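Here is the structure we will look at.
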Amino acid sequence: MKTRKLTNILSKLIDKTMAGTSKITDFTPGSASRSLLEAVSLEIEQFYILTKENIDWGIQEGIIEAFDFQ
Amino acid sequence: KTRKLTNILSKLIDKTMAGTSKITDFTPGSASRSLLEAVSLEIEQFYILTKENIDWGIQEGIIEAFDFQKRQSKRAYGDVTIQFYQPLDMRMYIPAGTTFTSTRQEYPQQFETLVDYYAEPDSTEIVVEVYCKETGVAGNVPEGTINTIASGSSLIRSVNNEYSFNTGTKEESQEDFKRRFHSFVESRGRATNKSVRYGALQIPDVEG
Amino acid sequence: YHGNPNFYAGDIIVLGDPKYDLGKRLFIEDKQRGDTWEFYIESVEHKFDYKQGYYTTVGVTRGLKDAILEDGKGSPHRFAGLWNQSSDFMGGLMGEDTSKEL
Amino acid sequence: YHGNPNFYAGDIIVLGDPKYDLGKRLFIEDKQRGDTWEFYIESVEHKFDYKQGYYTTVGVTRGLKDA
Amino acid sequence: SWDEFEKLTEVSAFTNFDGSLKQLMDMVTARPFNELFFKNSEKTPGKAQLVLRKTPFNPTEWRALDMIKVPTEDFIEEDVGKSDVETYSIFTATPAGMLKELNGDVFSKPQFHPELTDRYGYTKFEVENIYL
Amino acid sequence: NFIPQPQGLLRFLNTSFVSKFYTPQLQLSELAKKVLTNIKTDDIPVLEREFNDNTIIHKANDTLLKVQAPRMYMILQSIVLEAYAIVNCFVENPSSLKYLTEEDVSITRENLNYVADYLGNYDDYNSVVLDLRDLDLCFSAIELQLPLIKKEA
Amino acid sequence: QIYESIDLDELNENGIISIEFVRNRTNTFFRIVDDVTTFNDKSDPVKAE
Amino acid sequence: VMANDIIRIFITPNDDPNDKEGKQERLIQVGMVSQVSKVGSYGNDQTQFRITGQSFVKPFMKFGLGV
Amino acid sequence: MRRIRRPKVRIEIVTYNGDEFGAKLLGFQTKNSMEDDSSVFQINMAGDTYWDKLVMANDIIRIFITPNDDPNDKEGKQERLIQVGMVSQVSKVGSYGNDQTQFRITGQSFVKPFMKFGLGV
Amino acid sequence: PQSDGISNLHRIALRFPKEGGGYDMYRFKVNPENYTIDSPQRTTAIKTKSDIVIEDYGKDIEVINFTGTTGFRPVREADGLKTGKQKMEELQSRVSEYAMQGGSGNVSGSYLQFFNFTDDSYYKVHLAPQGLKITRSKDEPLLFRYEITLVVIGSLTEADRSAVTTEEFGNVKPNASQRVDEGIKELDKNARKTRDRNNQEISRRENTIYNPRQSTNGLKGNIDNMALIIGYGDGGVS
Amino acid sequence: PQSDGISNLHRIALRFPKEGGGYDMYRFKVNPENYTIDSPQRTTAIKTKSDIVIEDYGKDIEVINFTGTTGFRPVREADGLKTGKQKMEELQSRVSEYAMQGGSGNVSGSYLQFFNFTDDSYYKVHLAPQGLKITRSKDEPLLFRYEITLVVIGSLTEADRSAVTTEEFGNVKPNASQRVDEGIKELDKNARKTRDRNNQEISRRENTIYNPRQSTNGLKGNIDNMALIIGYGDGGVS
Amino acid sequence: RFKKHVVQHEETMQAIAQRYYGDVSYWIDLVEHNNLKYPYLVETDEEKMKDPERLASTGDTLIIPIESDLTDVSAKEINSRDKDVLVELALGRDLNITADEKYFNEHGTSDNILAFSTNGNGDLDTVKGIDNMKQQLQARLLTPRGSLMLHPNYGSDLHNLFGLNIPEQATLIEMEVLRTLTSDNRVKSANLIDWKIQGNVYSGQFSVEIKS
Amino acid sequence: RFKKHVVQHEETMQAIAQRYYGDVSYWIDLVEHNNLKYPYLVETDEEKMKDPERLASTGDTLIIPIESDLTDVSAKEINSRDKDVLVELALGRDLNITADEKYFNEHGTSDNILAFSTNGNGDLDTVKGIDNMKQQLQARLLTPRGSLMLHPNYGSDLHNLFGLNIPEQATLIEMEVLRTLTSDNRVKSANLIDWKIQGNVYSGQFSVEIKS
């Protein structure tokens with residue numbers, strides 16, 4: 001469980017997407033497919049970050065619960 | 001900490017609109033809004049999975065590292081042997097949910113199978129696992145108590161559980177666990193009045 | 001005047017008769033469920049006209065149930081347990097006593 | 001309170017619904033001539049009876065147009 | 001309420017001789033600068049709420065009120081119109097009535113529009129505020 | 001924020017035959033331990049009047065069980081402490097209801113049944129048993145309801 | 001099962017019945033595509049269907 | 001109709017050509033309007049506008065000699 | 001298209017069950033107004049049961065109104081509470097000339113405690 | 001059944017309540033000449049300035065009205081030989097007795113039961129405000145005519161509303177409340193005064209169907225029962 | 001269709017709503033004796049001294065009323081052999097299922113579809129206030145006559161109010177306001193007090209379908225987030 | 001109260017919540033009501049072997065609350081206990097007194113009929129759920145209305161109705177049966193399917209809508 | 001929203017505003033919407049060749065707002081430059097999923113039938129204008145009433161209406177189609193113009209009034 005920055009995700013995604021065909025390789029900012037995939041990678045990045053933060057908060061809460069040191 | 005359906009879907013539509021000018025329709029039934037909704041809903045499922053897993057870690061993970069395991073309620077289970085009148089000639093079929101009852105009047109317990117099992121034509125004796133229909137220690141039973149199968153297939157001669165079921169653990173709240181852990185942690189204190197007093201109790205004849 | 005709540009008061013349109021007069025005690029027997037009512041008359045308003053019958057209003061106040069007819073006994077619950085039991089009024093009941101807890 | 005004149009105030013009998021509450025800002029769109037009205041609720045009077053429908057009064061004050 | 005403009009207060013319990021808490025609640029309210037009423041609690045359905053807030057006639061406070069829509073399609077009858085029943089030209093907010101012009105500091109400080117007073121001359125509107 | 005305690009109860013609370021059905025174990029609850037220390041150390045407020053002529057007032061101290069059977073008198077104290085502990089949290093300061101569990105009330109009832117059965121032999125002191133049987137069914141309702149209350153709250 | 005939408009041309013066209021998977025709301029997610037018989041010639045409806 | 005306008009009303013009692021004494025076009029009342037409001041019960045499928053005023057008592061009554 | 005409406009009123013009471021009280025509903029009024037310093041409501045009840053002996057004064061009555069149809073999944077399916085208050089009067093009502101009787105209950109929305117509590121001297 | 005060529009006609013019967021409980025069985029020997037049944041709806045229509053609003057409140061009280069003539073020629077009876085005039089007089093006397101005894105708001109027993117046997121349907125009914133109108137004109141001098149109107153309370157298949165036995169699981173009559181109240185009655189006036197003081201103190205410190213199993217509503221009853229067996233302050237709490 | 005030039009007319013049919021999903025229908029074996037349709041107008045005319053004023057407020061409720069009987073012969077059905085009596089009983093039971101548990105309980109359908117194959121017209125209808133009326137008479141010993149009145153909700157070709165989709169171009173949810181409220185929730189008491197004070201300060205000195213493309217409606221929403229996250233003052237402004 | 005559901009092929013968890021509540025978002029509450037782990041439904045039945053109680057598969061049964069008890073933690077707790085036994089909370093448990101249906105059906109309305117009995121060994125026979133409902137209709141209807149020594153208007157008037165065998169009397173027997181059976185809240189309603197008058201034997205059969 | 005128009009032989013810009021909006025006075029704001037230089041309408045095309053984008057001549061289209069959007073500055077700015085892109089924006093833009101037009105018309109009311117496609121180069125295909133509206137009506141008709149994972153009560157019961165081809169079933173199908181088509185607020189009305197039968201085959205056509 002590790003961070004993956006947006007562009008890393010987006011690149012892996014497009015790299016996988018291009019397998020088996022070559023009628024997609026045009027990813028200018030105006031393209032809509034790029035926008036959708038940027039939005040998906042943004043949401044996955046936020047998911048990872050919130051997951052890591054919530055893990056830290058869970059660690060803190062278990063430390064609270066175990067020894068009752070509120 | 002955790003996002004919702006709308007909080008993700010709306011942000012996804014915002015980014016879609018901002019990145020490209022080629023899409024402007026977001027009505028019901030649009031393939032884009034559909035795709036976006038399925039994405040959002042998948043992400044919400046992962047978020048709730050993370051929340052539940054962190055909850056479990058808070059409840060059990062931090063203390064389990066000290067070799068102390070929590071008792072979890074589970075269905076009683078164990079191995080059951082079926083005997084046939086004669087050696088099989090064709091592959092026999094035993095569906096999941098094949099149900100089991102005890103003819104003994106003191107044991108109203110019942111079991112059932114979770115998964116499908118098959119008996120090969122060449123086989124003559126088959127072992128199949130069964131699971132109680134009730135949780136806790138109610139499932140527990142001594143050896144040789146079922147004596148019957150509900151599927152009425154006349155090839156089967158007799159049925160019996162070779163070993164008693166003892167896996168039907170009871171439900172214990174974490175309060176007792178936490179209490180016992182704290183008692184163990186307080187007993188390790190050294191050079192204290194209360195700890196010295198506690199340590200004098202180990203001898204059976206030392207009471208007052 | 002402590003027993004203003006739990007008393008009955010209103011206006012009744014009995015049949016037009018001259019027997020009813022101001023200040024007179026009114027006894028009513030309910031045939032609907034075999035109940036008995038006691039009242040005190042404070043106002044009456046008569047209405048006579050050939051166009052439609054002849055009516056008489058009987059205003060009442062301080063009404064109570066379970067009445068008795070014998071010797072004008074009335075309802076025994078009128079003199080409740082709080083009628084005479086009471087005590088002198090002084091402070092120390094609310095807010096005055098909180099500072100004096102020495 | 002200087003602008004008391006030129007404001008609109010009265011009582012409106014909208015259809016009986018629980019959405020309307022005291023102190024809540026009321027927006028009305030007139031379909032008669034494509035006009036828009038804004039109001040401030042100061043009083044509501046409900047009326048429910050099986051004998052004839054179900055009504056809800058909406059008292060308003062300090063009303064103005066072109067909302 | 002207006003915490004910044006209101007100083008410290010010494011409001012007495014028995015300001016009203018044997019009156020109700022509502023009578024004493026009105027003094028604290030200092031109407032019309034603050035709006036008091038009883039209404040259902042939308043944020044917590046199933047229970048009531050006592051509201052005491054500054055008046056919504058302020059621009060930003062007006063925008064803070066929740067909007068509600070209703071089309072003509074739900075209108076049974078209407079009776080709405082202008083009126084000149086309320087009309088004042090001079091508005092002032094005197095301080096608590098002990099302070100008096102002939103025995104102390106500045107008594108009052110009103111406000112008026114020059115065009116407005118032509119139609120309605122010197123029409124005053126006074127309100128005592130217990131707070132100041 | 002604690003209601004003052006009667007002088008009687010405060011004095012009472014601050015410190016072979018065997019039945020075949022129910023037997024005691026002389027086990028104290030964690031919640032009952034914490035209260036006992038609080039009363040032992042801190043000087044809780046106490047009342048001055050003794051109008052209420054019920055409970056331990058002229059019943060638990062009047063009986064000869066205090067001198068005849070002191071072991072039995074130690075059961076009665078434990079039940080009072082366990083009865084006073086559960087009444088403490090619910091009325092005020094509910095933060096201490098976290099330490100109470102099912103087994104805490106289970107053992108209390110068993111101790112109640114044993115002392116109650118022993119008091120049945122004596123024909124004079126049936127007045128004490130009269131309240132204990134009513135209290136016996138009170139603990140059972142908590143026993144069958146305490147696990148739901150904590151999850152609800 | 002093996003058979004899906006293109007197979008549900010092949011099999012049905014040759015006179016064999018099969019059940020089709022419809023992902024939702026239709027009660028059990030499953031409906032049966034046709035009532036074609038095993039007869040070879042589909043032109044006549046009395047024989048065919 | 002803006003507020004504070006002046007409305008004059010004239011009533012013809014009887015027939016002009018008959019040469020009756022009533023042919024005088026006597027004014028009945030004159031005053032200053034001070035309120036205009038929509039009115040209508042759509043249940044009965046009818047609406048009206050109502051205007052009311054006072055006979056030159058509005059200027060004096062409103063003009064308050066303040067201090 | 002014309003809208004369809006199916007009102008369904010509920011009533012809940014806390015000190016006789018509330019669901020039986022709500023069943024004998026016939027009509028009510030709820031005068032609420034910021035102009036005056038008092039909010040008051042009235043309820044009309046059927047004469048099936050002798051309410052005079054049951055409903056003691058100062059009880060709290062909650063009213064819930066169903067705007068439109070449940071299964072349609074309209075925004076009106078909210079069971080929004082319309083008014084809550086303290087009863088302060090119950091009286092028999094009936095014109096036997098017209099062969100009909102009713103019971104009337106009225107109260108105010110929590111203005112009764114303050115208004116009655118007089119800080120005496 | 002009606003006369004349909006498969007079964008013979010079956011005529012209407014009224015089952016009135018008997019003073020000592022149980023019931024009469026008045027069956028008509030000639031069936032009605034007119035038979036009408038109304039089913040009014042409580043729907044209302046209000047017309048808003050821009051739309052119509054349709055609102056319904058459900059089924060309204062049905063009305064049953066029918067008219068007929070009692071036969072002339074004598075006809076044997078299940079316990080007599082009664083003529084049409086005796087039958088009509090018996091009817092009038094049943095209806096008079098039912099109407100007159102209802103002077104306590106409403107009879108505590110049954111309403112009328114109306115066995116409309118001809119077409120399969122059954123109702124519980126009450127005398128309408130039209131009542132039993134009886135007339136005999138010049139035409140048909142020796143035949144009586146009767147006009148009855150009735151309002152429907154409900155189907156006879158369904159038992160009374162209030163009489164339905166509810167679930168009543170657990171205990172509707174808890175002993176905790178009873179013995180608490182007995183305790184507090186037994187307390188001394190000073191004891192209750194101190195209990196009131198403690199309740200007021202607790203209220204100051206607030207800030208700044210029943211089942212002993214799988215239910216929390218009866219939690220207070222178990223706690224209220226305590227603080228009297230144990231001296232939690234000079235008197236109970238709550 | 002009618003009987004003229006075209007093939008045999010189709011009778012009138014009624015479609016009711018099935019409790020368990022799907023729909024059930026009812027066709028009349030005998031066409032109604034009378035069929036009336038009232039289509040009034042909500043308009044009032046009031047003359048002034050020397051002119052005529054006409055005002056209108058839309059179309060009025062179109063009231064449908066018709067009277068029919070049931071044949072005595074049996075006829076084939078979709079399931080079973082149902083005579084006229086059974087047919088009318090089923091009609092009664094259907095109306096009672098639509099009416100009796102309309103205001104009480106719950107009915108799956110919101111309306112009724114009324115099909116006039118003979119008149120080539122369709123409408124969505126609801127039970128009138130007059131409601132169903134059944135009557136049987138002297139000179140019809142074997143038959144059963146029914147009289148029903150209806151009110152038209154609207155044309156059947158149009159879609160339901162609740163099943164209408166607006167244009168909804170661009171984002172419908174202002175996510176800026178959503179995250180502004182989420183961020184404000186975490187703010188400290190002092191931050192919120194300073195944001196109130198700043199809001200007042202800006203306020204007292206003023207006078208002196210979300211889509212960022214082809215629209216400026218969602219302007220201040222984006223500013224509010226940016227001002228909160230970046231920090232204009234301790235809390236923010238607006 | 002609740003509804004049953006049966007899991008279908010590749011059934012989407014959110015489709016259940018939508019299909020019975022209109023909005024999708026209540027699936028978080030539904031899976032808490034049914035004590036599921038994150039794998040809420042799974043195609044393969046071998047995966048259920050690992051954690052049977054906390055993992056459901058195709059053809060398994062789930063419990064659907066009604067909307068009002070959706071967010072009640074106590075209902076969530078109880079509904080986590082009575083999994084596919086929840087019927088027992090509405091219909092109840094009671095003692096068995098029908099020791100032989102071969103006995104009382106041949107003696108009918110009389111004193112000295114039914115009795116407690118013992119199933120298995122040692123534990124007194126408690127009869128439960130639908131089988132409790134059978135008994136609590138049967139034992140009710142055989143009792144005459146006046147009979148029982150508290151809460152009268154129990155029972156039925158059935159013993160009065162042995163009049164003449166003619167059709168009206170048969171409909172009266174139908175009416176008293178219907179009246180007696182709809183008198184308990186556990187049944188919604190009742191209606192007659194068929195009846196058969198033999199020369200001195202009444203036979204008729206009736207439907208009842210038990211709840212759940 | 002807007003109305004389309006064309007320049008007629010020697011029509012003056014005054015004449016248009018007067019005919020549609022009543023008052024001639026409004027032409028002044030109306031020229032800014034069509035982004036016109038002073039010779040706002042000019043007869044000759046070799047005169048439009050002066051600077052083509054900033055003029056209109058005989059035969060050219062014009063844009064005519066509704067009166068509410070006449071005064072809006074945003075409507076002015078957008079109508080100035082977008083010109084023909086109005087209709088596309090006003091009907092909206094969406095991804096094209098009619099990849100196999102020959103195919104989806106062989107298996108309707110079955111799933112898995114539509115699919116993305118590619119037009120141009122390196123970008124998913126998109127649809128706009130009236131084609132988009134058709135595609136959306138088409139998809140709405142071929143989808144069952146409760147099968148989208150959110151906002152259900154979308155689609156049709158066309159998969160449920162298969163029946164004995166008697167006319168009542170055909171009117172039912174007509175009404176369902178009309179309801180389905182009239183669900184979208186953008187469409188004004190639908191109406192049938194033909195229904196026709198061929199044994200076990202239905203055929204018919206519907207006219208739909210799309211807003212300008």
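Each chain of the structure tokens is named A, B, ... in the order shown, its residues numbered from 1; ligands are numbered from 1 in display order.
Cα RMSD of chain L against chain M, computed after a least-squares overlay on all Cα atoms in order: 0.8 Å.
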Near-region 60-65 of chain D list (12 Å; only C-alpha atoms; drop same-chain fewer than 2 positions) as an mmCIF file with N, CA and C atoms, in the first residue's frame:
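Saved the output as selection-v1.cif:
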```
data_model
loop_
_atom_site.group_PDB
_atom_site.id
_atom_site.type_symbol
_atom_site.label_atom_id
_atom_site.label_comp_id
_atom_site.auth_asym_id
_atom_site.auth_seq_id
_atom_site.Cartn_x
_atom_site.Cartn_y
_atom_site.Cartn_z
ATOM 1 N N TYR D 1 -36.206 49.784 7.180
ATOM 2 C CA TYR D 1 -37.589 50.221 7.241
ATOM 3 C C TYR D 1 -37.901 51.488 6.448
ATOM 4 N N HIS D 2 -36.950 52.057 5.699
ATOM 5 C CA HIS D 2 -37.347 53.177 4.847
ATOM 6 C C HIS D 2 -38.192 52.707 3.674
ATOM 7 N N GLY D 3 -37.974 51.480 3.213
ATOM 8 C CA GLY D 3 -38.583 51.015 1.990
ATOM 9 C C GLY D 3 -39.904 50.310 2.199
ATOM 10 N N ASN D 4 -40.607 50.606 3.298
ATOM 11 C CA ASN D 4 -41.933 50.029 3.514
ATOM 12 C C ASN D 4 -42.862 50.253 2.328
ATOM 13 N N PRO D 5 -43.083 51.482 1.853
ATOM 14 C CA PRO D 5 -43.793 51.656 0.581
ATOM 15 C C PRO D 5 -43.003 51.060 -0.575
ATOM 16 N N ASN D 6 -43.739 50.594 -1.582
ATOM 17 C CA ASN D 6 -43.284 49.922 -2.798
ATOM 18 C C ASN D 6 -43.027 48.426 -2.586
ATOM 19 N N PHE D 7 -43.126 47.915 -1.364
ATOM 20 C CA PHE D 7 -43.044 46.492 -1.074
ATOM 21 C C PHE D 7 -44.441 45.879 -1.105
ATOM 22 N N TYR D 8 -44.479 44.558 -1.257
ATOM 23 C CA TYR D 8 -45.714 43.794 -1.375
ATOM 24 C C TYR D 8 -45.911 42.936 -0.128
ATOM 25 N N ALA D 9 -47.141 42.902 0.391
ATOM 26 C CA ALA D 9 -47.436 42.111 1.583
ATOM 27 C C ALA D 9 -48.891 41.669 1.613
ATOM 28 N N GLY D 10 -49.115 40.401 1.962
ATOM 29 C CA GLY D 10 -50.472 39.900 2.068
ATOM 30 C C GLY D 10 -50.610 38.519 2.675
ATOM 31 N N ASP D 11 -51.503 37.711 2.101
ATOM 32 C CA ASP D 11 -51.713 36.323 2.497
ATOM 33 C C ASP D 11 -51.976 35.485 1.253
ATOM 34 N N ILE D 12 -51.294 34.345 1.152
ATOM 35 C CA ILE D 12 -51.359 33.481 -0.023
ATOM 36 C C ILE D 12 -51.802 32.093 0.422
ATOM 37 N N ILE D 13 -52.755 31.512 -0.312
ATOM 38 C CA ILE D 13 -53.255 30.165 -0.047
ATOM 39 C C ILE D 13 -52.664 29.194 -1.062
ATOM 40 N N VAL D 14 -51.416 28.786 -0.844
ATOM 41 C CA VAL D 14 -50.769 27.775 -1.677
ATOM 42 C C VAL D 14 -51.383 26.408 -1.408
ATOM 43 N N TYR D 20 -43.279 24.491 3.522
ATOM 44 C CA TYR D 20 -43.337 25.904 3.878
ATOM 45 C C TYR D 20 -43.240 26.036 5.390
ATOM 46 N N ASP D 21 -42.367 26.926 5.874
ATOM 47 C CA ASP D 21 -42.251 27.087 7.316
ATOM 48 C C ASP D 21 -41.954 28.542 7.648
ATOM 49 N N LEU D 22 -42.230 28.901 8.898
ATOM 50 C CA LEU D 22 -42.082 30.277 9.350
ATOM 51 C C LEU D 22 -40.637 30.745 9.230
ATOM 52 N N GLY D 23 -40.467 31.979 8.758
ATOM 53 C CA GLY D 23 -39.156 32.579 8.630
ATOM 54 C C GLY D 23 -38.406 32.204 7.375
ATOM 55 N N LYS D 24 -39.026 31.448 6.469
ATOM 56 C CA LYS D 24 -38.350 30.932 5.287
ATOM 57 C C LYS D 24 -38.625 31.828 4.090
ATOM 58 N N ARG D 25 -37.621 31.975 3.236
ATOM 59 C CA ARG D 25 -37.730 32.856 2.086
ATOM 60 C C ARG D 25 -38.491 32.162 0.965
ATOM 61 N N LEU D 26 -39.418 32.892 0.348
ATOM 62 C CA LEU D 26 -40.362 32.320 -0.600
ATOM 63 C C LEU D 26 -40.098 32.903 -1.981
ATOM 64 N N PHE D 27 -39.917 32.025 -2.964
ATOM 65 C CA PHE D 27 -39.704 32.414 -4.350
ATOM 66 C C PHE D 27 -40.897 31.957 -5.178
ATOM 67 N N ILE D 28 -41.465 32.884 -5.949
ATOM 68 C CA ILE D 28 -42.630 32.627 -6.787
ATOM 69 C C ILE D 28 -42.306 33.044 -8.212
ATOM 70 N N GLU D 29 -42.701 32.208 -9.175
ATOM 71 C CA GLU D 29 -42.541 32.496 -10.598
ATOM 72 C C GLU D 29 -43.925 32.575 -11.225
ATOM 73 N N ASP D 30 -44.250 33.738 -11.783
ATOM 74 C CA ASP D 30 -45.555 33.973 -12.383
ATOM 75 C C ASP D 30 -45.530 33.522 -13.839
ATOM 76 N N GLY D 34 -44.812 35.744 -17.328
ATOM 77 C CA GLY D 34 -43.376 35.546 -17.220
ATOM 78 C C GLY D 34 -42.689 36.469 -16.241
ATOM 79 N N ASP D 35 -43.288 36.672 -15.070
ATOM 80 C CA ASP D 35 -42.726 37.504 -14.017
ATOM 81 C C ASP D 35 -42.294 36.639 -12.841
ATOM 82 N N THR D 36 -41.485 37.249 -11.959
ATOM 83 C CA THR D 36 -40.773 36.603 -10.862
ATOM 84 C C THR D 36 -41.013 37.446 -9.620
ATOM 85 N N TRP D 37 -41.311 36.789 -8.497
ATOM 86 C CA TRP D 37 -41.579 37.482 -7.243
ATOM 87 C C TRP D 37 -40.815 36.854 -6.089
ATOM 88 N N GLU D 38 -40.411 37.718 -5.156
ATOM 89 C CA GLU D 38 -39.684 37.339 -3.954
ATOM 90 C C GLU D 38 -40.425 37.868 -2.737
ATOM 91 N N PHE D 39 -40.457 37.052 -1.683
ATOM 92 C CA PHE D 39 -41.228 37.335 -0.482
ATOM 93 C C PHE D 39 -40.486 36.802 0.737
ATOM 94 N N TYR D 40 -40.995 37.162 1.918
ATOM 95 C CA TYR D 40 -40.451 36.731 3.199
ATOM 96 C C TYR D 40 -41.631 36.251 4.029
ATOM 97 N N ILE D 41 -41.553 35.017 4.520
ATOM 98 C CA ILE D 41 -42.684 34.427 5.228
ATOM 99 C C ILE D 41 -42.644 34.888 6.678
ATOM 100 N N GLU D 42 -43.784 35.393 7.161
ATOM 101 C CA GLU D 42 -43.966 35.786 8.552
ATOM 102 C C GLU D 42 -45.078 35.021 9.254
ATOM 103 N N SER D 43 -45.914 34.284 8.523
ATOM 104 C CA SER D 43 -47.017 33.566 9.148
ATOM 105 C C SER D 43 -47.527 32.496 8.195
ATOM 106 N N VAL D 44 -47.901 31.347 8.756
ATOM 107 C CA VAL D 44 -48.512 30.254 8.009
ATOM 108 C C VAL D 44 -49.683 29.708 8.818
ATOM 109 N N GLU D 45 -50.796 29.415 8.148
ATOM 110 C CA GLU D 45 -51.972 28.854 8.814
ATOM 111 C C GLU D 45 -52.456 27.656 8.011
ATOM 112 N N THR D 57 -52.162 28.310 4.317
ATOM 113 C CA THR D 57 -51.938 29.739 4.139
ATOM 114 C C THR D 57 -50.468 30.074 4.344
ATOM 115 N N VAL D 58 -49.983 31.042 3.568
ATOM 116 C CA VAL D 58 -48.608 31.527 3.635
ATOM 117 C C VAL D 58 -48.683 33.048 3.703
ATOM 118 N N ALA D 67 -37.040 38.853 -9.323
ATOM 119 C CA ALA D 67 -36.189 38.013 -8.500
ATOM 120 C C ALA D 67 -35.256 37.165 -9.359
ATOM 121 N N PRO E 56 -33.073 39.204 9.404
ATOM 122 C CA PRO E 56 -32.526 38.856 8.090
ATOM 123 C C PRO E 56 -32.539 39.981 7.065
ATOM 124 N N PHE E 57 -32.913 41.210 7.431
ATOM 125 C CA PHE E 57 -32.928 42.300 6.458
ATOM 126 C C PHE E 57 -31.524 42.741 6.056
ATOM 127 N N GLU E 78 -55.079 34.568 -3.840
ATOM 128 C CA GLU E 78 -54.027 35.518 -3.511
ATOM 129 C C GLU E 78 -54.635 36.878 -3.199
ATOM 130 N N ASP E 79 -54.002 37.587 -2.258
ATOM 131 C CA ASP E 79 -54.418 38.937 -1.866
ATOM 132 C C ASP E 79 -53.151 39.671 -1.420
ATOM 133 N N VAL E 80 -52.449 40.270 -2.382
ATOM 134 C CA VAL E 80 -51.147 40.888 -2.138
ATOM 135 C C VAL E 80 -51.071 42.224 -2.862
ATOM 136 N N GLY E 81 -50.473 43.214 -2.203
ATOM 137 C CA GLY E 81 -50.479 44.560 -2.741
ATOM 138 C C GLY E 81 -49.616 45.468 -1.899
ATOM 139 N N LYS E 82 -49.327 46.633 -2.466
ATOM 140 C CA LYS E 82 -48.609 47.659 -1.740
ATOM 141 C C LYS E 82 -49.492 48.240 -0.638
ATOM 142 N N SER E 83 -48.883 49.036 0.240
ATOM 143 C CA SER E 83 -49.633 49.784 1.240
ATOM 144 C C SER E 83 -48.740 50.869 1.818
ATOM 145 N N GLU E 86 -47.390 51.696 6.969
ATOM 146 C CA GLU E 86 -46.149 52.062 7.644
ATOM 147 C C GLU E 86 -45.389 53.092 6.817
ATOM 148 N N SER I 33 -47.879 32.324 13.503
ATOM 149 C CA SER I 33 -47.725 33.678 12.983
ATOM 150 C C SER I 33 -46.707 34.449 13.807
ATOM 151 N N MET I 34 -45.709 35.011 13.123
ATOM 152 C CA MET I 34 -44.706 35.847 13.772
ATOM 153 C C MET I 34 -45.242 37.224 14.150
ATOM 154 N N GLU I 35 -46.360 37.652 13.553
ATOM 155 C CA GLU I 35 -46.926 38.962 13.870
ATOM 156 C C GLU I 35 -47.314 39.054 15.340
#
```
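Residue list for chain M within 9 Å of chain G: residues 107, 109, 110, 111, 112, 144, 145, 146, 147, 148, 159 and 160 of chain M, counting only C-alpha atoms.
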#### Entry: Residue neighbourhood region 100-111 of chain F, 6 Å, only C-alpha atoms, exclusion window fewer than 6 positions, as a list in words
residues 22, 24, 29 and 143 of chain F
### Message
Report as a count of residues only all protein, DNA and RNA residues lying within 7 Å of residue 112 (chain B), evaluated on only C-alpha atoms, omitting residues in the same chain fewer than 5 positions from it.
### Response
8
